[PDB]
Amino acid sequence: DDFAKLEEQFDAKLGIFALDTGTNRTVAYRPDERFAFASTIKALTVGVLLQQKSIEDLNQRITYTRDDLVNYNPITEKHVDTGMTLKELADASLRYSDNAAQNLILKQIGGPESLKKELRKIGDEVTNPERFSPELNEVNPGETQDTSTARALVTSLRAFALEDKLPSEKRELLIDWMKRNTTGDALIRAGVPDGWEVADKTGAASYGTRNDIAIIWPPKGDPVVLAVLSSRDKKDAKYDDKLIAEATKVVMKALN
């Protein structure tokens, strides 16, 4: 098995689940193993923002200071003086993984416990949002706060992006943002041929956790939804993006 081999090669533990929505074929490898979701949660978080706001409501302007800024604020740091609309915060959070943007959105939806409630409402009993960004990244093995599984992230991302947890114009915003992600070139995108459209959201945390979740549109045929998660046994361990890229090529082989 190629997935076992990857784990061997990169001294890491993989979580994989992929679903071909056209065939209902799946590819699983530790699909129900828990991993820190890290910033992949940003995607489900915007899912819930969109469900709870009209499109026009995303034009509301959010004011903030350097106190609402945290460790990684690539877009938010530019706009302290003017603020940002919810729409521009969605963009920043999904496409640059802006942590402060995530916290600001999370506050608009009522916080982690309110995100959790909303995910339970759409059918996800697995994903456990507990903390703000960045501290959600600090997860020790055995703990369950701020964790999910490859199976559940796929199911939940599909529910918002492709099914009926959102109306079509809102699913379109979500997919556009995710399609135009900037943080993912060496991950799922590097394990798919060019001209296969990918919408993804990356994550990284402690214990060398390195995640990517995606919807992949092959040139014709229905989309594949895919989570590829990984983690290692030392708290301060490095991850290797190539593992996600290689895993991704294995999934596509197995599905075709």
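Counting begins at 1, following the sequence as shown.
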query	finding
Mean Cα B-factor comparison, 184 to 192 or 63 to 71, giving the higher one as deposited	63 to 71
Stretch with the higher entry mean CA B-factor, where the candidates are 22 to 30 and 211 to 219	22 to 30
Highest recorded Cα temperature factor - choice among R151, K170, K165, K78	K78
Selection by C-alpha B-factor (highest) of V139, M178, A100, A92	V139
Assigned third (lowest, middle, highest) for the C-alpha B factor of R131	highest
Third assignment of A237 from its chain's C-alpha B-factors	highest
Chain-relative CA temperature factor third for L157	lowest
Relative C-alpha B-factor of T147, binned into the chain's lowest, middle or highest third	lowest
